[PDB]
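Given as structure tokens, the chain that follows is alone and in the form deposited in one PDB entry.
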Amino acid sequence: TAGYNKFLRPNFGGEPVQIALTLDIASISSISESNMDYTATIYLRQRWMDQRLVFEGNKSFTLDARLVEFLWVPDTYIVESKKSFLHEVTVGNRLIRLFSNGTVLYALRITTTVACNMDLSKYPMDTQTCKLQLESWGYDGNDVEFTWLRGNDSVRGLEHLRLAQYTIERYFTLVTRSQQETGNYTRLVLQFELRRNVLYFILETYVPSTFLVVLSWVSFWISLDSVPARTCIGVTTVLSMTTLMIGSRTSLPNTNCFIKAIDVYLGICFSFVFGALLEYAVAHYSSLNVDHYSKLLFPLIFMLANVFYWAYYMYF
């Protein structure tokens, strides 16, 4: 039998081993944009056929995890894993199940940290297509062929997963063929699109900015004769805009090097406030008309620009 053949894959020499995969994401622990990765716990299930491990019977038997050290198991590995570990809570979280016809069920609880590149250009409404790829580290396509057990039904838990900030709406599984120097491999890629919620940032960041712009508009009505009111409203507007900029800049650490969307909108609001103050100063200098015309020109142009920005960042 397979005494010292545990190093030899089933059908050592000839047809490769067809391993069917099943994934069950118990929970996506975190999604770090600063480190550009995601930590998630998965229930990796693999099913192959070992002709040397067959027996006479009708039913299957669940064996201890310590038997894994005596049998052959596929060298499955996450392609873009930075740090992963099999859970050892009480014993090794390994399920091994031997079947009559040779089927071997191998289940593991793996907490993995996969790095998916994130483009934060449309940061408030960005959709990140993050992938979890499983491949054989040592055995190429001529030795191990990885396959999905039930297509897109193989992966479970992603449909009902609701993260803190993101939400999976479209996930699917593919059987790609990776071409490396050592050889050709069959890679199983489960890719899912994480879309951040849109309402939170609007009601918590965009609404205060709109209120600041409204206060800047109101600042036009107050004239220079009432210097206390003008000074107070200007101080409040400037201080609130500075605090809003600070709060927006402190949400995400200085790690990204792209042009964001919330930053552009806040810069537009700050530029509008600065231009309003500069126009008030210029009107005062010229007087010692324009303000009345601005009181009607600013709302229409500002609303049109806001609609243009929204149409640009939602549709095209």
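Numbers follow the displayed sequence, beginning with 1. Only the largest set of C-alpha atoms that superpose within 1.5 Å between the two forms is called the rigid core.
One more form of this protein, deposited in another entry, exists but is not displayed; see below.
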Notebook entry, point to check: Which residue moves between this form and the one not shown, judged by a Cα shift of 2 Å or more on the rigid core: 133, 173, 219, 113?
Noted result: 219
Item checked: Large Cα shift (2 Å or above) at residue 231 between this form and the one not shown, core-fitted -> yes
Check: Core-aligned, is the CA shift for residue 252 between this form and the one not shown 2 angstroms or more?
Finding: yes
Note to self: I want to verify one pair: residue 83 and residue 6. Are their C-alpha atoms nearer or more distant in the other form compared with the form I supplied, knowing the change is 3 Å or more?
What the structure shows: farther
Next item on the list: Taking the shown form as the reference, report whether the CA atoms of residue 254 and residue 195 lie closer or farther apart in the other form; the distance changes by 3 angstroms or more.
Entry: closer
